[PDB]
Amino acid sequence: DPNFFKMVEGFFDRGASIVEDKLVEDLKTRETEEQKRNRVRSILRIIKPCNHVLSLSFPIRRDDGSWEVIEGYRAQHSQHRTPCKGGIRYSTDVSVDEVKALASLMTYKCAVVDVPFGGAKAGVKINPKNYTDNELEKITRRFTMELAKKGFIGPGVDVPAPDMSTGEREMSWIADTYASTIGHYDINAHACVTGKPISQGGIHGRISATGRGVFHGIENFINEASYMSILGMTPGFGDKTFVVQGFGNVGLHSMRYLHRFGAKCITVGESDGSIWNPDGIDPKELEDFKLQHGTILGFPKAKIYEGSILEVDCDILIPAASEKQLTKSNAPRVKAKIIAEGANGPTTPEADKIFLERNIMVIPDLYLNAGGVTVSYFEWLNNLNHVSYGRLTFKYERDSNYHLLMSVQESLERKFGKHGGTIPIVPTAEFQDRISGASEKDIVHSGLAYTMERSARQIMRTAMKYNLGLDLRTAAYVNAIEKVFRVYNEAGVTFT
Amino acid sequence: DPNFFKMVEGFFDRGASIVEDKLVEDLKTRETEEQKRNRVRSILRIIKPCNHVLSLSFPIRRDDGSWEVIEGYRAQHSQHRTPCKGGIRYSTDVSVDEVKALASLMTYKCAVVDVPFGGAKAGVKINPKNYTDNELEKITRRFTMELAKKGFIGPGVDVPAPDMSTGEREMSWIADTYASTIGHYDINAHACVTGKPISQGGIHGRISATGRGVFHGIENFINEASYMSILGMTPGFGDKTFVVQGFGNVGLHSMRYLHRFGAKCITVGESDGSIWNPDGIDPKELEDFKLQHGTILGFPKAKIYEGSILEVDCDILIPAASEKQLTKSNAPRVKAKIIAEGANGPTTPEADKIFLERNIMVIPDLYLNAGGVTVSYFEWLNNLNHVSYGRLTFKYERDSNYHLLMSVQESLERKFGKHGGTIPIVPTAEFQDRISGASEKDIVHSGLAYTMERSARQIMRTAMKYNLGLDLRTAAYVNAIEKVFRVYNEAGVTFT
Amino acid sequence: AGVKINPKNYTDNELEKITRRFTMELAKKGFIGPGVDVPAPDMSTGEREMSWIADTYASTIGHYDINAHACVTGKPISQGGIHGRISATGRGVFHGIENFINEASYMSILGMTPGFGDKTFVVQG
Amino acid sequence: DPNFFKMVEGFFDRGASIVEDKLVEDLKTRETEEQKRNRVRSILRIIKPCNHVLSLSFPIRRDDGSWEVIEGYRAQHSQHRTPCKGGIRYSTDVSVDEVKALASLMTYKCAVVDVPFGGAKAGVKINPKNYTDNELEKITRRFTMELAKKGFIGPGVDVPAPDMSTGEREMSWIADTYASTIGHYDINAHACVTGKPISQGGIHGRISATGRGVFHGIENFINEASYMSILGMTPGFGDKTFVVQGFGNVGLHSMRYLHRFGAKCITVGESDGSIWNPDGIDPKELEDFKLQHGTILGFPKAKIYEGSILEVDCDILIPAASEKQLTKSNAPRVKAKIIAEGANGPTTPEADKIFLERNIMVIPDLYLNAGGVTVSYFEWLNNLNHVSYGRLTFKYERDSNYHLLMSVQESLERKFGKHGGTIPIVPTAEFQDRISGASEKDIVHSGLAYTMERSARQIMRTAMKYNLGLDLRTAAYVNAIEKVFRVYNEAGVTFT
Ligand SMILES: NC(=O)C1=CN([C@@H]2O[C@H](COP(=O)(O)OP(=O)(O)OC[C@H]3O[C@@H](n4cnc5c(N)ncnc54)[C@H](O)[C@@H]3O)[C@@H](O)[C@H]2O)C=CC1
Ligand SMILES: NC(=O)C1=CN([C@@H]2O[C@H](COP(=O)(O)OP(=O)(O)OC[C@H]3O[C@@H](n4cnc5c(N)ncnc54)[C@H](O)[C@@H]3O)[C@@H](O)[C@H]2O)C=CC1
Ligand SMILES: NC(=O)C1=CN([C@@H]2O[C@H](COP(=O)(O)OP(=O)(O)OC[C@H]3O[C@@H](n4cnc5c(N)ncnc54)[C@H](O)[C@@H]3O)[C@@H](O)[C@H]2O)C=CC1
Ligand SMILES: NC(=O)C1=CN([C@@H]2O[C@H](COP(=O)(O)OP(=O)(O)OC[C@H]3O[C@@H](n4cnc5c(N)ncnc54)[C@H](O)[C@@H]3O)[C@@H](O)[C@H]2O)C=CC1
Ligand SMILES: NC(=O)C1=CN([C@@H]2O[C@H](COP(=O)(O)OP(=O)(O)OC[C@H]3O[C@@H](n4cnc5c(N)ncnc54)[C@H](O)[C@@H]3O)[C@@H](O)[C@H]2O)C=CC1
Ligand SMILES: NC(=O)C1=CN([C@@H]2O[C@H](COP(=O)(O)OP(=O)(O)OC[C@H]3O[C@@H](n4cnc5c(N)ncnc54)[C@H](O)[C@@H]3O)[C@@H](O)[C@H]2O)C=CC1
């Protein structure tokens with residue numbers, strides 16, 4: 006509907022209009038009260054826009070011998086903290102304005118969850134379905150060169166990741182290209198990209214984790230009646246029904262990772278049609294037809310559903326397909342109590358207005374889609390430390406804990422001894438799984454759940470400081486802006 | 006009026022529609038006749054667009070302590086031949102589309118006059134008049150960094166030059182910035198930029214030469230009745246009156262360098278008003294008020310002229326102010342026989358239609374504004390060879406020619422001798438000026454006049470090969486396209 | 127390092143135009159870098175001057191270096207600093223004293239008894 | 006006897022002939038069954054050969070003023086995973102084919118024990134004994150330059166280590182040379198080489214550990230009657246006699262590190278003669294004459310033994326001198342039950358045939374000489390993390406464990422208290438040594454023993470999956486090949 010870039014920009018102001026006041030008070034100086042206001046406002050006029058944008062065109066030769074051109078983009082929003090990150094989106098609806106927007110979000114999202122990165126986002130006007138695997142690989146390996154050739158790819162400057170219509174392959178084709186032209190002498194060449202296969206430097210839960218970040222976000226608000234008492238809902242996933250808008254990696258892995266804890270799906274909607282079954286749907290069964298058919302229309306254990314998922318009665322609505330999915334023309338027909346934006350700005354500033362009036366909890370992209378980022382932060386480290394986590398200590402930490410329990414056992418016996426004879430001090434079931442120390446699978450699962458809780462705590466803490474009620478979205482930007490700001494300010498806005 | 010970028014693009018097609026046929030015949034291969042046509046058309050779909058475009062934003066602190074942001078652009082059209090060049094334009098009417106357009110021209114212009122460069126063009130949304138000399142220098146030195154910081158400035162990749170609202174200062178501020186951050190270890194750091202002051206590696210006639218390129222272009226068609234017989238005009242500058250649209254470096258130095266050979270100016274028009282005097286105008290006198298007043302309104306020896314210069318009766322119309330100056334709304338009122346585009350596409354595709362119907366000779370930007378390029382090609386060399394031209398031979402070449410004349414004298418005497426006694430063989434007046442060899446002032450003056458004639462010869466030669474008559478513009482693109490094409494073709498369109 | 131200068135006589139817009147120029151010339155000659163040489167604060171400096179050195183190296187040379195913010199220490203917290211950056215020097219002093227006062231092996235010579243609750247001290251500057 | 010390079014190559018096939026079948030099944034795709042077979046076979050035709058080989062020659066000036074030339078080699082086998090490693094061998098029997106072979110092994114060995122490195126190996130036609138310490142240092146420091154000068158030395162590309170006829174000195178001369186020409190600006194310059202002295206970035210147990218890797222390998226099969234029931238032997242080192250073929254760092258430190266646990270040596274053989282004493286031999290006493298005499302012939306507490314060590318009756322035969330030591334001409338006279346190849350392919354494909362027929366357990370170089378690699382993996386890390394392991398936590402981890410025991414003590418007292426008064430919970434003896442956390446000496450000792458066990462577990466696990474019985478050698482390659490393969494496959498075999 007509107008300029009997707011200005012939409013995001015319209016939000017950002019809402020947050021800044023608010024923090025401005027307190028933000029001036031924090032600022033310590035001898036300036037006039039108004040001059041301080043002109044310091045902060047000036048900085049905020051620097052943060053909002055993107056600093057670097059690159060638009061380029063490719064000659065490529067097809068399989069049939071004919072050439073065509075390709076249009077590709079790559080934006081960097083903020084250099085307050087490097088590297089910069091973002092994904093590569095293959096799509097025909099790519100545009101400079103969508104890229105600049107999404108770049109801005111990655112900058113604020115990363116500040117919500119305290120990961121030391123800036124924001125970027127790429128794009129390619131292309132539809133992969135129309136091209137082979139020998140043409141998509143001849144594009145990607147050429148896209149990578151031109152950027153590296155101009156300083157937009159690198160372990161320490163900019164780091165791409167997966168996004169719509171990409172996967173691990175495309176990341177395996179970027180790595181070999183950088184590492185085999187420039188990275189050869191760089192000891193950190195495989196850190197140029199995340200989302201890689203396991204055999205190329207990846208991480209367990211690379212993709213499942215996004216879905217889990219969603220979950221651990223929901224689980225971190227459902228556990229508080231402080232807000233569900235407003236909604237008129239009771240905590241518990243065994244009591245909830247949800248629907249999904251599209252099957253990305255978010256839609257599936259968010260779906261099944263819910264299904265494990267009693268959350269019932271009732272329908273799902275792809276780009277080609279919805280399908281509904283009030284008795285439930287089995288995501289395991291769903292992957293089955295996707296390998297045998299490609300689409301969900303034709304699934305035997307569900308009824309083809311006529312109408313938009315957005316018009317389905319449910320308890321939680323998961324938009325995961327694409328931004329702009331929910332507008333003011335249909336917001337009044339939410340038919341659902343919570344909305345969880347797993348889709349990079351599906352809603353609108355108006356919808357937000359509707360959903361405050363209707364008392365609808367909307368979970369923002371921020372803090373909700375920040376799972377796939379932290380993980381990619383753990384894959385960037387893994388490849389800078391050149392070692393599996395904990396490998397060095399698995400055997401040492403294992404028995405160090407076994408010599409500890411013997412020091413309890415033997416000191417206790419020492420006093421009572423014969424009183425009860427010998428007192429075996431042995432692990433439990435789960436500690437026996439965790440006695441050798443942390444494995445990557447465990448660091449990941451935990452670090453994620455930790456960050457998410459830590460952050461929501463900071464979010465809900467300011468929403469009450471300012472009494473934003475359900476307007477969580479604004480509650481987030483305030484934290485982001487408040488952090489980013491400190492960096493430019495303390496930094497001496499420029500080095501000129 | 007229209008998309009300045011598409012305008013240029015609409016032209017480019019006109020030329021390609023024509024050369025296509027012959028271009029296929031030149032192409033040697035075993036493909037089918039149609040397949041060859043799909044080879045050339047595919048390439049032509051690669052040439053037309055720009056390959057790299059960069060949009061960036063700057064935080065800068067003013068003198069009053071307040072920050073503002075600045076929007077800057079830099080396009081590279083073609084890498085068929087490096088370095089890439091183009092100027093830096095300071096103006097508030099800067100836009101991505103103007104930059105991409107002008108970049109394309111520099112690519113074709115440089116191929117008309119056979120200089121081994123590609124095309125670029127920069128821009129900055131700014132009005133210098135509103136800023137100090139301590140703010141313009143704090144912008145420029147920051148603009149330079151960000152680009153170099155991303156691989157768009159360098160002796161061997163990209164080389165900026167002056168353009169509207171800039172000069173030698175700004176080039177003195179770019180050099181010291183590159184040479185003092187990156188160029189330190191590069192032996193060719195001062196070749197990163199042209200248009201420099203003399204004391205920093207410049208060239209005599211740096212700026213006057215553009216005006217002269219104009220002249221030597223006109224002089225290379227006025228000398229042929231083959232075309233002025235159509236116009237109904239007689240050769241000779243002592244017989245011509247001309248007007249000028251704006252006083253850049255083109256408007257002045259083109260004006261006075263004409264005045265030397267009997268070409269009479271009757272008016273001139275700045276951004277603030279025209280001024281007309283049918284008895285003539287003295288450009289020497291004109292620089293006088295410009296140092297004492299700034300504008301031409303108020304000049305005592307000319308009458309303030311009410312109306313657009315474009316509505317003045319004359320023999321030659323020199324648009325030099327800015328593109329788009331002459332459109333279809335006023336083209337029918339040309340009131341002039343020749344037009345000489347010293348202004349980067351002042352006219353339109355429609356105007357061209359009008360001016361063919363009216364039998365009006367239009368001299369294209371191409372081949373006409375290519376003076377300031379060749380010179381900048383001689384300044385890039387001067388600074389790669391690290392020596393004044395000819396210095397090594399001035400004394401050797403001087404007497405070598407003096408020992409030659411003695412070998413004539415002494416051999417002649419040897420036979421006749423007493424017949425006439427001694428036979429002094431001595432230089433003339435001008436050879437005595439040219440006996441020591443070429444000085445930079447002489448290489449420049451000559452190399453320029455040479456190229457220009459060589460090129461017009463190739464231009465008029467194809468215009469007759471295809472019978473384009475007065476449509477010189479299309480006659481140029483055909484040569485350009487025909488050259489550029491050979492490069493992509495023979496090169497193996499890509500290295501992927 | 128060193129600079130013949132008295133900061134008190136200069137503004138904050140002149141001290142920052144010095145520092146950012148000092149940094150260049152050295153880096154320009156191989157005396158600043160994460161792996162070659164690393165400056166820190168000393169008399170008459172602080173965290174500001176370290177915030178002006180970082181942005182200058184990172185914005186000319188460090189751009190491609192993944193370790194650009196390691197070129198300097200004493201930075202502000204928001205630029206890669208550490209808790210107790212400055213308080214710790216004082217504490218190092220303390221933990222040094224505390225590590226000899228705890229031994230009569232030497233205070234028996236001095237004729238003093240262990241214990242800070244029993245001591246008076248003075249400070250020079 | 007045969008082409009040492011083809012020998013290794015003949016093995017590699019044996020393993021690939023086997024895994025091929027299962028390897029195709031793992032491969033998931035839509036290709037034809039035969040096409041998949043042509044995918045795997047093609048890859049296996051890529052793995053087997055070495056990718057880079059460098060042969061170079063040096064002019065060096067001796068002490069007597071006379072020059073001579075030197076021939077040096079450096080091979081890199083696989084770039085599937087960088088850095089590449091291998092040692093520098095000074096010897097007159099160096100050849101391109103020996104280097105390519107050994108390089109291949111290092112590639113497979115490193116995959117057995119899961120260290121992220123490839124394979125390399127160097128060489129120099131030289132006999133150190135004939136040259137001074139001022140000539141060997143003038144060679145080494147020149148060898149290093151030429152390679153670095155061509156991209157074969159570096160923390161992130163290639164990393165040399167010690168081997169036959171070298172030591173820590175030569176590594177101290179390589180470091181100062183790289184760090185003082187190229188490494189100056191590299192923060193990781195001391196990671197260019199391993200095997201360094203302690204004061205230059207080395208590790209405790211640098212060299213002793215190889216011997217221990219041997220031990221921990223033997224100890225990991227002797228502990229299982231599953232295989233010694235075949236051999237007809239009983240577990241226990243206090244019950245075993247062994248002999249050693251040469252005194253490298255392996256022969257000594259493997260010998261004494263056995264002697265600690267009741268393993269009796271009966272003879273040993275150097276390049277100049279054997280020596281036997283059935284009552285035992287004292288390795289401490291053995292270092293004594295080596296400092297006072299150089300050779301073992303003349304040792305008072307042992308009888309000079311006439312004949313090859315390989316002809317000695319024993320229980321375990323440790324070849325440590327040099328490859329090819331045991332052939333088919335003498336294999337039938339093994340006179341020993343287990344053989345443990347600490348010597349980079351002492352045996353042959355035929356001997357293997359003999360030793361399967363004779364039911365002789367042969368422990369392969371792979372998994373047995375992989376001690377000196379893991380350690381060098383811990384020295385490469387130490388020097389990338391720029392810190393002693395654990396330093397940061399010794400004091401924190403120490404009392405954190407002391408505040409833990411008080412939380413047991415105080416909670417127990419809290420309930421029982423007076424029942425038994427105070428209940429001192431204090432460490433044991435050894436935990437008091439391990440309460441402050443891990444020191445490098447402890448990480449090393451443990452990490453080594455861990456890896457070795459983990460790996461043998463994987464080895465014996467597949468030998469039973471395929472029923473290879475005693476043919477452990479083939480059981481190893483299958484794992485290696487199975488790992489390496491996944492990397493090329495998932496990687497998109499090439500980036501072209
Ligand atoms: N191409 C490269 O340089 C890559 C290196 N790595 C390294 O591996 C670590 C993370 O992954 P891993 O620890 O490997 O995964 P991991 O922690 O699950 O265990 C190692 C795995 O990598 C494979 N592997 C190990 N050594 C190998 C070798 N020499 N050849 C072929 N495959 C081998 C094994 O199949 C094993 O499953 C990082 O510390 C990084 O240094 C990881 C990915 C790519
Ligand atoms: N996949 C990821 O790693 C991440 C995804 N996201 C967000 O999650 C959303 C979905 O996940 P992705 O894997 O990125 O996408 P995806 O690559 O899984 O594709 C989305 C799926 O939804 C369907 N779809 C597309 N347009 C639709 C429409 N208008 N209505 C209904 N269904 C439609 C398509 O069939 C497609 O298979 C995206 O929009 C993206 O913004 C955000 C961060 C990371
Ligand atoms: N900063 C730099 O490195 C520059 C070097 N040059 C060099 O000069 C040549 C072109 O210009 P020139 O030949 O110099 O102009 P030129 O050919 O007119 O004669 C040399 C001029 O440069 C000045 N000059 C010569 N040596 C000088 C010195 N040691 N210190 C100060 N000024 C000096 C003199 O005033 C003289 O007028 C090029 O070959 C280039 O190598 C030119 C410009 C800048
Ligand atoms: N100056 C150069 O080195 C080159 C200039 N050109 C072309 O020549 C033209 C003029 O020369 P430059 O020195 O670039 O410009 P300039 O920087 O000399 O400025 C043009 C002058 O014309 C006047 N003017 C501006 N807009 C006008 C309008 N709409 N109507 C009438 N007068 C106006 C202004 O007062 C200004 O002083 C430019 O448009 C440019 O496209 C092309 C190549 C090189
Ligand atoms: N030349 C270099 O840059 C080297 C640096 N190292 C550093 O040391 C660590 C590993 O070895 P260490 O921890 O040193 O061994 P370590 O862990 O046993 O303890 C430090 C030892 O290094 C020596 N040492 C420490 N600081 C020193 C200084 N300023 N001058 C002279 N000698 C000093 C001491 O004798 C001490 O025994 C690595 O983290 C690495 O960063 C190690 C070897 C060479
Ligand atoms: N030393 C090391 O770090 C490593 C050694 N190895 C293997 O271990 C073996 C021995 O250890 P290194 O220290 O490398 O060798 P080394 O440098 O200790 O020398 C081997 C010793 O064995 C003796 N010897 C040489 N040729 C002999 C022959 N034909 N018969 C009997 N004795 C002979 C020599 O006197 C020499 O002192 C080598 O062959 C090598 O392949 C493998 C990996 C690492």
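Line by line, the protein sequences are chains A, E, B and C.
Be aware that the first sequence starts at 6, since it is given in the deposited numbering, and climbs by one per residue.
Be aware that the second sequence starts at 6, since it is given in the deposited numbering, and climbs by one per residue.
Be aware that the third sequence starts at 127, since it is given in the deposited numbering, and climbs by one per residue.
Be aware that the fourth sequence starts at 6, since it is given in the deposited numbering, and climbs by one per residue.
Positions of the beta carbon are idealized from the N, C-alpha and C atoms, including for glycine.
Please list the residues of the region 173 to 206 of chain C that have a C-beta atom closer than 7 Å to any C-beta atom in chain A, keeping them in chain order. Listed by position, the residues of the region 173 to 206 of chain C near chain A (Cβ gap below 7 Å) are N193.
Which residue or residues does DSSP assign as beta-bridge partners of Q81 (chain E)? E:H57, E:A125
Supposed contact pair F10 (chain C) and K105 (chain C) - C-beta distance, whole angstroms, cut 8 Å: 5 Å
Could you name the residues of the same chain whose beta carbon sits closer than 8 Å to that of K342 (chain E), not counting the 5 residues immediately before and after it, in chain order? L236, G237, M238, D320, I321, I365, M366
Just the C-alpha distance for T427 (chain E) and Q437 (chain E), rounded to the nearest angstrom, thanks. 21 Å
Do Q330 (chain A) and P354 (chain A) have their C-beta atoms within less than 8 Å of each other? Not closer than 8 Å, so no.
Under 8 Å between C-beta atoms of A348 (chain E) and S327 (chain E): The criterion of a C-beta distance shorter than 8 Å is satisfied by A348 (chain E) and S327 (chain E).
Are any of the Cβ atoms in chain B nearer than 8 Å to that of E495 (chain A)? yes
Closer than 7 Å by beta-carbon distance: list the chain C residues that pair up with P160 (chain B), in chain order. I192
What runs of the alpha helix (DSSP H), each 4 residues or longer, lie entirely inside the region 216 to 251 of chain A? Complete alpha helix (DSSP H) runs here, min 4: 230 to 236.
Can you list, in chain order, the stretches of the beta strand (DSSP E) that have 3 or more residues and sit fully within the region 312 to 338 of chain E? 321 to 324
Could you work out which residue in C:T300, C:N388, C:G285, C:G312 is closest to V198 (chain C) when comparing CA atoms only? C:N388
Proximity to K134 (chain C) [Cα-Cα], best of C:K27, C:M457, C:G124, C:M169: The shortest C-alpha separation from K134 (chain C) is found at C:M169.
Closest to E39 (chain A) by CA distance: which of E:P240, E:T186, E:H221, E:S71 is it? E:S71
According to DSSP, is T272 (chain C) helix, strand or coil? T272 (chain C) falls in the strand class under three-state DSSP.
Which two residues bound the contiguous beta strand (DSSP E) that contains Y310 (chain C)? Counting along the chain, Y310 (chain C) sits inside the beta strand (DSSP E) bounded by residues 308 to 310.
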